[PDB]
Amino acid sequence: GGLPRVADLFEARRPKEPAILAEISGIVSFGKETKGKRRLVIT
DNA sequence: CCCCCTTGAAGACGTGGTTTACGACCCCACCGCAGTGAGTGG
């Protein structure tokens with residue numbers, strides 16, 4: 001946007017839909033299951 | 001125009017006697033934001 005966008009950028013406001021990132025190198029895999037949880041077990 | 005009086009009184013400063021007056025005390029049968037907290041359910 002404009003001024004609100006700059007204000008958001010300088011205040012380090014987290015977006016409502018953060019993108020998942022690779023915390024560490026390794027082969028990804030799917031693990032257990034829950035009501036709304038999809039595991040990301042990584043070797 | 002220096003000097004000591006006179007001589008009559010005008011005011012000058014208390015002053016606490018005399019006398020008000022103040023102050024107080026007594027009775028009255030929007031805006032989005034983020035941190036907090038329970039509050040679960042598990």
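We name chains A, B, ... by the order of the sequence lines, and we start the count at 1 in each one. The analysis underlying the following values was restricted to heavy atoms, covering all of them including side chains, and did not include hydrogens, waters or symmetry mates.
For the pair A:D8 CG and B:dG32 P, the computed distance is 12 Å after rounding to whole Å. When rounded to the nearest whole Å, the span between NZ of A:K35 and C1' of B:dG42 equals 7 Å. In this structure, the NZ atom of A:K37 is 14 Å from the P atom of B:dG41, given to the nearest Å. As a whole-Å value, the separation of A:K16 NZ from B:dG32 P is 13 Å. Separating the CZ atom of A:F10 from the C1' atom of B:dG32 is a distance of 20 Å, rounded to the nearest angstrom. Protein atom CZ of A:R13 is 12 Å distant from nucleotide atom P of B:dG35, rounded to whole Å.
Sugar puckers are classed by the sign of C1'-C2'-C3'-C4'; that of B:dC33 comes out north, on the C3'-endo side. Sugar pucker of B:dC27: north, as indicated by a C1'-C2'-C3'-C4' torsion of positive sign. The pentose of B:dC31 belongs to the north class of puckers. Its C1'-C2'-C3'-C4' angle has a positive sign.
Comparing B:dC13 with B:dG17, their P atoms are spaced 23 Å from each other, to the whole Å. Atom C1' of B:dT20 sits at a distance of 15 Å from the matching atom of B:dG16, rounded to the whole Å. B:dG14 and B:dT18 are spaced 16 Å apart, taking the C1' atom of each and rounding to whole Å.
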According to the Watson-Crick and G-U wobble definition with distances under 3.5 Å, which dot-bracket string, read 5' to 3', encodes DNA chain B, using [ ] for crossing pairs and | for pairs with another strand?
..........................................

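Every residue two or more places apart in sequence or in another chain that forms a side-chain contact (heavy atoms from CB on, under 4.5 Å) with A:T34 is listed here: A:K37, A:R39.
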Identify every side-chain donor-acceptor pair in residues 4-16 of chain A under 3.5 Å, counting partners at least two apart or on other chains, and give the distances.
from : atom 1 : to    : atom 2 : distance (Å)
A:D8 : OD1    : A:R13 : NE     : 2.5

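Alongside A:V28, the hydrophobic cluster contains A:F30, A:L40, A:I42 (criterion: ILVMFWY side chains under 4.5 Å).
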